Every structure is written in structure tokens, then in C-alpha cells.
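Peer 1: Dropping in start-v8.cif, with mmCIF, C-alpha atoms.
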```
data_structure
loop_
_atom_site.label_atom_id
_atom_site.label_comp_id
_atom_site.auth_asym_id
_atom_site.auth_seq_id
_atom_site.Cartn_x
_atom_site.Cartn_y
_atom_site.Cartn_z
CA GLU A 1 50.82 173.82 56.96
CA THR A 2 51.01 177.16 55.07
CA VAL A 3 47.77 178.10 53.24
CA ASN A 4 48.80 178.96 49.65
CA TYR A 5 52.34 177.54 49.37
CA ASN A 6 54.26 174.24 49.49
CA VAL A 7 57.37 174.66 51.66
CA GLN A 8 59.57 171.63 51.00
CA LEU A 9 63.13 170.29 50.55
CA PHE A 10 64.88 171.79 47.55
CA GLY A 11 67.51 169.66 45.87
CA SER A 12 69.09 166.45 47.02
CA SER A 13 70.51 165.38 50.40
CA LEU A 14 72.94 167.92 51.82
CA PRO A 15 76.73 167.21 51.86
CA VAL A 16 78.00 165.34 54.99
CA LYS A 17 80.08 168.39 56.06
CA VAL A 18 76.99 170.67 55.88
CA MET A 19 74.94 168.13 57.85
CA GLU A 20 77.61 167.96 60.64
CA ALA A 21 77.84 171.75 60.85
CA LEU A 22 74.02 172.00 61.23
CA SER A 23 73.56 169.02 63.60
CA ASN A 24 76.53 170.20 65.74
CA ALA A 25 75.54 173.93 65.65
CA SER A 26 73.87 175.26 68.78
CA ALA A 27 71.33 178.16 68.84
CA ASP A 28 74.18 180.30 70.39
CA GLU A 29 76.15 179.77 67.13
CA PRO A 30 75.73 182.36 64.32
CA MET A 31 75.57 180.61 60.99
CA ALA A 32 75.18 182.58 57.81
CA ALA A 33 74.86 181.33 54.26
CA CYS A 34 75.36 182.84 50.81
CA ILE A 35 73.03 181.19 48.28
CA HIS A 36 74.53 182.27 44.98
CA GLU A 37 72.58 182.77 41.70
CA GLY A 38 75.07 180.44 39.94
CA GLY A 39 73.75 177.40 41.88
CA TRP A 40 76.40 177.19 44.61
CA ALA A 41 75.85 177.66 48.37
CA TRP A 42 78.44 178.85 50.85
CA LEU A 43 77.96 178.17 54.61
CA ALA A 44 80.10 180.26 56.98
CA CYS A 45 80.29 178.03 60.10
CA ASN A 46 82.76 178.92 62.86
CA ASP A 47 86.27 179.29 61.28
CA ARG A 48 85.46 177.41 58.05
CA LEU A 49 83.64 178.04 54.87
CA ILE A 50 81.76 175.06 53.36
CA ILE A 51 80.90 175.42 49.72
CA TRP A 52 78.88 173.13 47.71
CA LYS A 53 77.05 172.98 44.45
CA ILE A 54 73.27 172.97 45.01
CA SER A 55 72.54 169.42 43.98
CA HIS A 56 69.43 169.51 41.78
CA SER A 57 70.46 165.99 40.77
CA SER A 58 71.09 163.28 43.41
CA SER A 59 73.97 161.66 41.48
CA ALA A 60 77.22 161.28 43.49
CA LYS A 61 79.64 161.85 40.55
CA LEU A 62 78.10 165.35 40.13
CA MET A 63 78.53 166.02 43.88
CA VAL A 64 80.86 168.90 44.82
CA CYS A 65 81.53 170.08 48.38
CA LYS A 66 84.78 171.81 49.43
CA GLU A 67 85.76 173.22 52.80
CA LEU A 68 88.06 176.24 52.97
CA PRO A 69 90.05 177.64 55.91
CA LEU A 70 89.05 181.24 56.74
CA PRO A 71 91.66 184.02 57.35
CA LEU A 72 91.88 184.65 61.20
CA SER A 73 89.62 187.43 62.60
CA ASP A 74 88.50 188.42 66.11
CA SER A 75 85.02 189.09 64.72
CA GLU A 76 82.60 186.48 63.34
CA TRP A 77 83.05 185.68 59.66
CA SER A 78 80.02 186.60 57.53
CA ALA A 79 78.64 184.96 54.37
CA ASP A 80 77.94 188.61 53.25
CA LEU A 81 81.76 189.06 53.05
CA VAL A 82 82.03 186.05 51.02
CA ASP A 83 81.45 185.69 47.25
CA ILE A 84 81.84 183.30 44.24
CA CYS A 85 83.25 184.01 40.80
CA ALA A 86 82.71 181.68 37.85
CA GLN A 87 84.81 181.42 34.63
CA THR A 88 82.80 183.35 31.96
CA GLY A 89 79.86 183.37 34.47
CA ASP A 90 79.22 179.65 33.74
CA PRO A 91 78.93 177.23 36.77
CA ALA A 92 80.54 174.04 35.59
CA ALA A 93 82.30 172.16 38.44
CA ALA A 94 85.11 173.04 40.88
CA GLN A 95 87.71 174.37 38.35
CA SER A 96 85.26 177.07 37.06
CA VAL A 97 84.81 178.52 40.53
CA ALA A 98 87.06 181.18 42.16
CA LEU A 99 86.53 182.49 45.69
CA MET A 100 87.08 185.51 47.76
CA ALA A 101 86.56 186.18 51.44
CA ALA A 102 86.89 189.37 53.48
CA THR A 103 87.00 190.03 57.24
CA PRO A 104 85.28 193.10 58.90
CA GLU A 105 88.75 194.82 59.27
CA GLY A 106 89.59 194.25 55.56
CA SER A 107 91.79 191.13 55.34
CA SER A 108 91.24 189.46 51.99
CA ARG A 109 91.81 185.83 51.02
CA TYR A 110 91.40 184.73 47.38
CA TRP A 111 91.38 181.17 45.95
CA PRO A 112 91.74 181.20 42.08
CA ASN A 113 90.09 177.74 41.94
CA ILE A 114 87.92 175.92 44.59
CA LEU A 115 89.57 172.75 43.24
CA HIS A 116 92.81 173.86 44.96
CA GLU A 117 91.75 174.52 48.61
CA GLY A 118 95.34 175.09 49.95
CA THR A 119 96.09 177.50 47.10
CA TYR A 120 95.21 181.11 47.79
CA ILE A 121 96.68 184.63 47.84
CA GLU A 122 96.15 187.33 50.43
CA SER A 123 95.84 191.11 50.75
CA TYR A 124 94.46 193.85 52.96
CA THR A 125 92.20 196.92 52.46
CA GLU A 126 91.37 198.89 55.62
CA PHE A 127 88.21 199.72 57.62
CA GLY A 128 87.21 201.11 61.05
CA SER A 129 86.40 198.65 63.84
CA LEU A 130 82.21 198.12 59.95
CA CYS A 131 79.50 195.85 58.44
CA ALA A 132 80.83 195.29 54.95
CA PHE A 133 79.68 193.26 51.90
CA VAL A 134 81.80 191.50 49.26
CA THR A 135 80.26 191.18 45.82
CA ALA A 136 81.44 189.34 42.71
CA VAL A 137 81.30 191.70 39.67
CA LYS A 138 82.42 191.49 35.99
CA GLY A 139 85.95 190.73 34.79
CA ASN A 140 86.61 188.15 37.52
CA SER A 141 86.66 190.91 40.14
CA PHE A 142 85.01 191.95 43.31
CA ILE A 143 83.72 195.04 45.12
CA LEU A 144 84.32 195.31 48.84
CA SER A 145 81.87 197.78 50.38
CA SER A 146 82.27 199.49 53.79
CA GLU A 147 79.62 200.42 56.46
CA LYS A 148 80.63 204.02 55.68
CA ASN A 149 80.12 203.22 51.93
CA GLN A 150 83.74 203.24 50.83
CA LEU A 151 83.62 201.00 47.75
CA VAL A 152 86.84 199.26 46.68
CA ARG A 153 87.35 197.27 43.45
CA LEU A 154 89.49 194.13 43.97
CA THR A 155 91.05 192.50 40.87
CA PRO A 156 93.25 189.35 41.09
CA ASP A 157 96.26 189.52 38.76
CA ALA A 158 97.84 186.31 37.24
CA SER A 159 101.04 187.18 39.25
CA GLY A 160 99.15 186.40 42.50
CA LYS A 161 98.75 190.11 43.36
CA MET A 162 95.41 191.67 44.14
CA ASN A 163 95.03 195.10 42.51
CA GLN A 164 92.78 197.53 44.36
CA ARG A 165 91.30 200.97 43.82
CA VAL A 166 88.50 203.14 45.29
CA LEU A 167 85.40 203.66 43.10
CA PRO A 168 84.95 207.18 41.53
CA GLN A 169 83.12 209.34 44.16
CA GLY A 170 83.07 206.20 46.39
CA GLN A 171 85.59 207.31 49.02
CA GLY A 172 82.79 206.71 51.59
CA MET A 173 83.05 209.97 53.40
CA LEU A 174 83.40 213.30 51.72
CA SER A 175 84.90 213.27 48.09
CA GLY A 176 86.20 216.73 46.89
CA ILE A 177 84.61 218.23 49.98
CA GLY A 178 86.52 219.81 52.80
CA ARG A 179 85.84 220.31 56.44
CA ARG A 180 83.16 223.11 56.66
CA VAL A 181 79.35 223.47 57.25
CA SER A 182 78.13 225.14 54.05
CA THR A 183 80.83 226.20 51.46
CA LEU A 184 82.08 222.78 50.31
CA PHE A 185 78.60 221.73 49.34
CA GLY A 186 79.29 220.01 46.02
CA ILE A 187 78.91 216.35 45.09
CA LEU A 188 78.34 215.59 48.77
CA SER A 189 77.28 217.74 51.80
CA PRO A 190 78.97 218.15 55.24
CA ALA A 191 75.82 217.14 57.16
CA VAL A 192 75.54 213.97 54.97
CA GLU A 193 75.11 210.50 56.47
CA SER A 194 76.53 207.95 53.95
CA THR A 195 76.04 204.81 56.15
CA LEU A 196 75.55 201.73 53.90
CA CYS A 197 72.45 199.49 53.91
CA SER A 198 72.98 197.30 50.89
CA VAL A 199 74.56 196.88 47.49
CA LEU A 200 73.23 195.42 44.25
CA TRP A 201 75.07 193.98 41.23
CA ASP A 202 73.16 193.94 37.94
CA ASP A 203 77.30 196.19 34.07
CA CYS A 204 75.64 198.15 36.91
CA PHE A 205 76.59 198.29 40.58
CA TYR A 206 74.30 200.15 43.00
CA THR A 207 74.68 201.19 46.61
CA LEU A 208 71.86 202.01 48.97
CA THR A 209 72.84 204.33 51.84
CA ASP A 210 70.69 205.90 54.62
CA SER A 211 70.12 209.00 52.42
CA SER A 212 70.65 207.94 48.78
CA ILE A 213 71.09 205.45 45.93
CA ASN A 214 74.31 205.65 43.91
CA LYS A 215 74.94 203.70 40.67
CA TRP A 216 78.18 202.88 38.79
CA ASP A 217 78.56 201.48 35.23
CA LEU A 218 81.49 198.98 35.19
CA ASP A 219 83.78 197.37 32.72
CA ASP A 220 86.33 194.57 33.53
CA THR A 221 88.82 197.04 35.25
CA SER A 222 87.00 200.34 35.98
CA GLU A 223 83.80 202.06 36.94
CA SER A 224 82.13 205.29 35.93
CA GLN A 225 79.83 207.05 38.44
CA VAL A 226 76.38 207.37 36.82
CA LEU A 227 74.34 209.16 39.52
CA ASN A 228 73.52 209.71 43.17
CA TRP A 229 69.77 210.19 43.94
CA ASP A 230 68.56 211.80 47.16
CA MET A 231 65.77 209.20 47.60
CA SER A 232 65.09 210.64 51.04
CA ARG A 233 64.01 213.86 49.27
CA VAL A 234 62.16 211.97 46.46
CA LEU A 235 60.24 209.18 48.27
CA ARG A 236 59.54 210.62 51.75
CA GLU A 237 56.11 212.13 51.02
CA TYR A 238 55.10 209.02 48.97
CA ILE A 239 56.04 206.70 51.88
CA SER A 240 54.42 208.89 54.59
CA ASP A 241 51.26 209.56 52.41
CA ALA A 242 50.85 205.79 51.71
CA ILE A 243 50.79 205.02 55.48
CA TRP A 244 49.41 208.05 57.38
CA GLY A 245 48.06 210.16 54.41
CA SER A 246 44.37 209.72 55.18
CA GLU A 247 44.74 210.42 58.92
CA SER A 248 42.97 213.61 60.15
CA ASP A 249 46.28 215.01 61.55
CA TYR A 250 48.52 213.82 58.59
CA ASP A 251 50.30 217.26 58.36
CA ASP A 252 51.27 217.21 62.09
CA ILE A 253 52.18 213.47 61.94
CA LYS A 254 54.36 213.58 58.80
CA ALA A 255 57.20 215.85 60.07
CA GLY A 256 57.91 213.34 62.92
CA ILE A 257 58.14 210.25 60.61
CA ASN A 258 61.33 208.19 60.75
CA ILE A 259 62.18 206.32 57.51
CA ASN A 260 65.05 203.80 57.16
CA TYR A 261 65.98 202.30 53.78
CA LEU A 262 67.12 198.65 54.25
CA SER A 263 67.49 196.70 51.03
CA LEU A 264 67.58 197.15 47.29
CA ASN A 265 66.73 194.63 44.63
CA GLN A 266 65.30 194.88 41.14
CA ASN A 267 62.68 193.34 38.91
CA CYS A 268 61.10 194.23 35.48
CA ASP A 269 59.30 197.25 37.05
CA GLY A 270 62.85 198.56 37.89
CA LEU A 271 64.43 199.05 41.31
CA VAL A 272 62.65 197.68 44.39
CA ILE A 273 63.54 199.34 47.73
CA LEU A 274 62.60 197.95 51.14
CA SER A 275 61.87 200.78 53.58
CA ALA A 276 60.82 200.77 57.24
CA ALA A 277 58.80 203.76 58.51
CA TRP A 278 57.42 204.64 61.97
CA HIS A 279 56.14 207.57 64.06
CA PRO A 280 57.18 207.54 67.82
CA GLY A 281 53.98 209.30 68.95
CA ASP A 282 51.64 206.76 67.30
CA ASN A 283 49.82 204.77 69.98
CA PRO A 284 50.33 201.83 69.45
CA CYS A 285 53.62 202.57 67.57
CA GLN A 286 54.05 200.00 64.77
CA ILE A 287 56.80 199.72 62.11
CA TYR A 288 55.41 199.81 58.57
CA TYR A 289 57.52 197.96 55.99
CA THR A 290 57.07 199.21 52.42
CA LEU A 291 58.16 198.11 49.00
CA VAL A 292 58.91 201.12 46.84
CA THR A 293 59.29 200.57 43.06
CA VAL A 294 60.91 203.19 40.84
CA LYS A 295 62.26 203.16 37.29
CA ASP A 296 66.04 203.47 36.65
CA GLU A 297 65.88 205.20 33.25
CA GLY A 298 68.91 207.33 32.41
CA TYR A 299 70.29 209.52 35.19
CA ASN A 300 67.14 210.91 36.80
CA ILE A 301 64.18 209.67 38.77
CA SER A 302 60.70 209.48 37.14
CA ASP A 303 57.56 211.03 38.65
CA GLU A 304 56.03 207.53 38.99
CA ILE A 305 56.78 205.99 42.40
CA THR A 306 54.62 203.12 43.69
CA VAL A 307 54.53 202.50 47.44
CA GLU A 308 53.17 199.15 48.59
CA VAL A 309 52.68 198.67 52.36
CA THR A 310 53.31 195.05 53.44
CA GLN A 311 51.52 192.81 55.98
CA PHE A 312 54.72 192.85 58.01
CA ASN A 313 53.84 195.38 60.68
CA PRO A 314 55.49 194.54 64.07
CA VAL A 315 55.42 196.76 67.18
CA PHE A 316 58.28 199.32 67.41
CA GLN A 317 60.84 198.09 69.94
CA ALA A 318 64.20 199.59 69.08
CA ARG A 319 65.83 200.96 65.90
CA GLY A 320 68.66 198.39 66.22
CA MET A 321 65.99 195.61 66.12
CA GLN A 322 64.62 196.80 62.74
CA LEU A 323 66.00 193.89 60.78
CA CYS A 324 64.45 192.66 57.53
CA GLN A 325 65.85 191.67 54.16
CA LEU A 326 64.50 191.37 50.65
CA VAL A 327 64.60 188.57 48.01
CA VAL A 328 63.12 188.88 44.46
CA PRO A 329 63.59 185.47 42.73
CA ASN A 330 61.30 186.09 39.78
CA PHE A 331 62.16 189.24 37.77
CA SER A 332 58.66 189.34 36.05
CA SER A 333 55.99 188.22 38.56
CA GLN A 334 55.67 191.28 40.82
CA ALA A 335 56.54 189.16 43.92
CA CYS A 336 58.95 189.85 46.74
CA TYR A 337 59.87 187.93 49.83
CA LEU A 338 60.58 189.82 53.03
CA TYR A 339 62.60 187.95 55.60
CA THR A 340 63.89 188.11 59.13
CA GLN A 341 65.32 185.23 61.19
CA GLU A 342 61.90 183.73 62.16
CA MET A 343 59.56 184.25 59.21
CA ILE A 344 59.12 184.92 55.52
CA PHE A 345 56.46 187.28 54.15
CA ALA A 346 55.38 186.69 50.56
CA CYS A 347 54.59 190.18 49.39
CA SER A 348 53.59 191.99 46.28
CA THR A 349 55.12 194.96 44.38
CA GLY A 350 53.94 197.33 41.68
CA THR A 351 50.31 197.16 40.51
CA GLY A 352 49.90 193.75 42.11
CA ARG A 353 48.37 192.32 38.89
CA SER A 354 50.60 189.21 38.51
CA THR A 355 51.34 188.87 42.24
CA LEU A 356 51.16 185.73 44.27
CA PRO A 357 48.86 185.58 47.41
CA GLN A 358 50.19 187.59 50.37
CA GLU A 359 51.18 185.23 53.19
CA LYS A 360 53.40 184.95 56.25
CA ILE A 361 55.36 181.69 56.40
CA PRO A 362 56.75 180.84 59.90
CA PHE A 363 60.21 179.28 60.43
CA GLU A 364 60.28 180.17 64.16
CA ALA A 365 59.17 176.85 65.67
CA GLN A 366 61.30 174.47 67.82
CA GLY A 367 64.75 176.13 67.54
CA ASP A 368 64.07 176.67 63.86
CA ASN A 369 65.36 179.79 62.12
CA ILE A 370 65.94 181.45 58.69
CA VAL A 371 69.70 181.41 58.26
CA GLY A 372 69.58 182.80 54.72
CA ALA A 373 67.63 183.09 51.53
CA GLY A 374 68.13 183.40 47.80
CA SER A 375 66.95 182.03 44.51
CA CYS A 376 67.84 179.01 42.39
CA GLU A 377 66.38 179.04 38.83
CA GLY A 378 63.82 181.78 39.78
CA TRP A 379 62.53 179.67 42.72
CA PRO A 380 62.49 181.35 46.22
CA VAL A 381 65.05 179.41 48.34
CA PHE A 382 65.26 179.49 52.14
CA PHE A 383 68.02 177.98 54.20
CA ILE A 384 66.45 176.88 57.42
CA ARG A 385 68.11 175.71 60.65
CA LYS A 386 65.89 172.59 61.05
CA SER A 387 65.32 171.58 57.40
CA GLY A 388 68.16 172.87 55.19
CA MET A 389 67.38 174.26 51.74
CA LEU A 390 63.67 174.66 51.12
CA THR A 391 61.67 176.21 48.28
CA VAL A 392 58.44 178.21 48.52
CA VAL A 393 56.20 177.35 45.65
CA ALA A 394 52.57 178.36 45.06
CA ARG A 395 50.01 175.54 45.19
CA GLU A 396 48.26 176.87 42.02
#
```
Written as C-alpha cells, that's how I'd like the structure from this file.
Peer 2:
Amino acid sequence: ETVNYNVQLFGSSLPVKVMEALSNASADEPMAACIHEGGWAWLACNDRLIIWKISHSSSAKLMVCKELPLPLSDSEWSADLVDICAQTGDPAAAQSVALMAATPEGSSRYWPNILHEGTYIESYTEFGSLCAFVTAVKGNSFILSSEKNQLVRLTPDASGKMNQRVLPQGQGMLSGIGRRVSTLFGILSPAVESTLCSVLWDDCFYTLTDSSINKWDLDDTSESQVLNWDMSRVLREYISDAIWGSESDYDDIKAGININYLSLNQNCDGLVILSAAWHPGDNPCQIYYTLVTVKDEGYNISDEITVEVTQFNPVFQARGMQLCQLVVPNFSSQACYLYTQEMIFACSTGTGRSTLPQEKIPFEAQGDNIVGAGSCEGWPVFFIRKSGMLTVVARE
């Protein structure tokens, strides 16, 4: 088994529709799953979406599973482009639950109620031929986020229309900048890369790009831009120092260090950033994954940055193969779960004082795979190809 953890079935027996999709699915098939904080799970399987309430109780009269027909796309549908909204934020059966889906090109399909599966309205945004995310936010609305970090608010009206607008300073490219090299240097720079890594919904919506973190304060119909922080300027030395700082040639090494920012979550310590760093000329060249914790207090960064270097340290292969995501189920134990498709790393953040034992949990064996991860009630939840929903709980 695993050394310090129980890894076992979470909740009751899966819906029949979910079981068929899994038993039928081949290892060629891309499945993705959105495990939502409200206790509902959404499986994107071929051209349908299967949505069910995570059944903590086994009772059949409390059982909800609905299957929705996706809007046509030539690309694979993603559970990242797929999000749940609950009436007043309370998850209380099929009528409380509204649903949106987006395609990579920007086609939107919205169900006001998951009770009425044939009843939806449609709209379109627009993107380049883009990895996007769709995120449920306050006021029964949604933010659709481009690979180029164009952020669009989407608000269903009672007419059946979907209102849409771009976020302030969230045009994705250059906003109040023109087409020069140095002269239109203002809120953004010409030599900027604003490629999107992840987004986080707290009234606060954050974006993590390849260069910076931006934050918006929302209400039910608008957003106000709070800040953009050049975290590449701020954290670069702290990341490179925490890995190669005690090397004899640290000064020569550090100017060749590649850093990619991959995921953003939060806990009590503040914002938790997953970063991958490597040096090409290292022999052997390994990829160091770090958890960086910083405070979000007001509009500026504090002097206090912690960098924690994880056990996850694979060989560098290719930059396109640097895939790894972050889950933080418990806001107040300083514990984070790194994941890829084949394994989970239980990792620590911060001081490490209340952290759980660091361990690698394998889900690679016998066609097995990590299809997705989340949290239900502060419990780390993994959705596994062989075994369905599973929790990771400490043995002490």
C-alpha cells in the first residue's frame, strides 16, 4: 500500500452512466472531470457531460445523475470549460443547479436548471484556434478565460440572453498600449507575454500568467482591477536561491534558469503558487517543482516569500511535457497535493509545522490514471481511471 495514507473509495457506488463511461472508455480516450466544491462531479466523456451529486449517502432517493448533450466542437470538450452554479451557493438537488459549458473556440451553452436537460440557451464569445477555463463566480455568473488571458464575464439574463463583457484591463493582449517597442509602456509592455496558466476564484478572481498575477474584486455584475504583480521580477531570486543558491557557481548558474508558473491556489498563509524551474546545463538536468507562498495584503507584495522545494523532481524531457497541477483541500493545514496523470505527491507549504508526511502516491499501475482531483468537505479527492472517486486520508 501507501506508507502514511489510506487511499480508498470516497462516497457511495457511482451512477450507472458514470460506470458505463469508465468501463467502456479506452486508454486512447481523454476523460476529464470537474470535482466541484459544492459536492457535484461533472465527467466530460466523448460528446456528453455526466453530472452527478457526490453521494456521501448511499440512499437512492437522494441520488442525482443527469446527462447533458454538449454543443458540437471539432476539438475535445474539457471539464475545465465546464462549471456549476448553485442558487445562493447552496447545493440542494437538481433545481438549485445551473450549468454552463464552453468550447475552445468560444461557443457557450447554458442550462438554467440541471432538472431541465433539454432546456438551454446559447451564445458565442471568440478565441483563436486556445486552452481556456470556465469558472463560476458570484451573481450566478461565469468568467471565461482565454489562453492569451482575455477574461470575459458571462451573465445569463431572465430573457434567455447571455450578457457579456471583457474584464477591466483583461483584454488579453495589450490594453491602452499601441504597437511600438518602448513608448507605449504603461499598464502593460510590448515585449510582454500574457499566456495564461490558471485562474482562481475566491469576491476575488485571480489570473496567473507566464509573467504575472492579476486580481479583480467582483460584484454580481462588474469587476474592478485591483493589481497586476510582476511575480517573475519578485520571486525569481527566491526560487533560484532555494534550489541552486548554495552551489559554488550559483552566480553563473542563475542567469540561465528557466522558471514556469503553473498553478495558483490559496490557503491561510495566502496565495500558493506552483512553479517549475530548471537549468539546461545541469548534468543531470532535473525539473524542480516548488511551492511558493506569499501574502495577498492590499495591493502590494510583502518582503516575506517562502519557497518550498518538493520531492517531485523528474528528469527534464521537454517543456511541453512539464505538466503538474495543484490541489489544496484544507485551507489551514499547510498541505498541498501535486498531481500529474500517474501520481499524487503529498507536499508541504509554509513553515511545514502542521504539515502531513511528504509522500508520493502512485496511480500509474495497470492502465490506471489520475483523471482529476479536487476536494469534498476538506478531504483530498482523486478521480482515478480504475477505482473512481478516492480520498487520501492520513493514517494518524
Peer 1: Write out as a list in words each polymer residue whose atoms come within 7 Å of residue 368 of chain A, counting all atoms listed in the file; drop sequence neighbours fewer than 4 positions from it.
Peer 2: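 With the cut-off at 7 Å, the set is residues 363, 364, 384, 385 and 386 of chain A.
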Peer 1: So that I can check the surroundings of segment 84-101 of chain A, please list as a list in words every protein, DNA and RNA residue that reaches within 7 Å of it, counting all atoms listed in the file and ignoring chain neighbours fewer than 6 positions away.
Peer 2: residues 38, 108, 109, 110, 111, 112, 113, 114, 115, 136 and 140 of chain A
Peer 1: Which residues are close to residue 33 of chain A, i.e. within 9 Å by all atoms listed in the file, leaving aside same-chain residues fewer than 3 positions away? Reply as a VMD selection string.
Peer 2: chain A and resid 41 to 45 78 to 80 371 to 373 383
Peer 1: Output the selection as a PDB file, keeping the file's coordinate frame - C-alpha atoms for each residue.
Peer 2:
```
ATOM      1  CA  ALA A  41      75.850 177.660  48.370  1.00  0.00           C
ATOM      2  CA  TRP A  42      78.440 178.850  50.850  1.00  0.00           C
ATOM      3  CA  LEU A  43      77.960 178.170  54.610  1.00  0.00           C
ATOM      4  CA  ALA A  44      80.100 180.260  56.980  1.00  0.00           C
ATOM      5  CA  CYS A  45      80.290 178.030  60.100  1.00  0.00           C
ATOM      6  CA  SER A  78      80.020 186.600  57.530  1.00  0.00           C
ATOM      7  CA  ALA A  79      78.640 184.960  54.370  1.00  0.00           C
ATOM      8  CA  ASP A  80      77.940 188.610  53.250  1.00  0.00           C
ATOM      9  CA  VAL A 371      69.700 181.410  58.260  1.00  0.00           C
ATOM     10  CA  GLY A 372      69.580 182.800  54.720  1.00  0.00           C
ATOM     11  CA  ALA A 373      67.630 183.090  51.530  1.00  0.00           C
ATOM     12  CA  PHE A 383      68.020 177.980  54.200  1.00  0.00           C
TER      13      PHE A 383
END
```
Peer 1: If you count only C-alpha atoms, which residues fall within 6 Å of segment 61-65 of chain A, apart from same-chain ones fewer than 2 positions away, as a PyMOL selection string?
Peer 2: chain A and resi 51-53+59
Peer 1: So which one's closest to residue 30 of chain A, A:3, A:77, A:389, A:165? Using all atoms listed in the file, please.
Peer 2: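 The closest residue to residue 30 of chain A is A:77.
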